[PDB]
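Given next, in structure tokens, is a single chain: the form solved without the named molecule.
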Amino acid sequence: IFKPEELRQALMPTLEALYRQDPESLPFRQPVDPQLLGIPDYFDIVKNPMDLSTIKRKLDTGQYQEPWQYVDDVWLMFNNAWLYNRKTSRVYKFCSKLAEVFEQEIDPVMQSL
């Protein structure tokens, strides 16, 4: 049902819109490293890390066979941030901006797929 490069082309603009957000995408561009970042409890709360570079890689390398799998990863990133961080923290607020953007982008792309 989905050809890999077609699925990529359809979904990529939604990911590019997330990356366009500056400064809001900045905490989300790279995988969380808890040791490095001085947040060692992180993997105890967040069992399934996700970030924009991992989503991009997966979208580039045919790791999503159906569009819902991509959407699940984007929400996993967001839900991880909303679980881990204080509501008025930069990361939480930045997360919320990305999710707003995503919801605006994804609806018609999904309808069209």
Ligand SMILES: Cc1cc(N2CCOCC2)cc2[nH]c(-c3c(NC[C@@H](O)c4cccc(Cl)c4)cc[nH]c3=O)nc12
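Numbering starts at 1 and follows the sequence shown.
Omitted from view is the form deposited with the named molecule bound, to which the following refers.
Using a 4.5 Å cutoff between non-hydrogen atoms, residue 110 counts as a contact of the named molecule in the deposited bound form. Contact check for residue 63: every heavy atom lies farther than 4.5 Å from the named molecule in the deposited bound form. If you take 82-113 and check each residue for a heavy atom within 4.5 Å of the named molecule in the deposited bound form, you get 82, 96, 99, 100, 103, 106, 107, 110, in sequence order.
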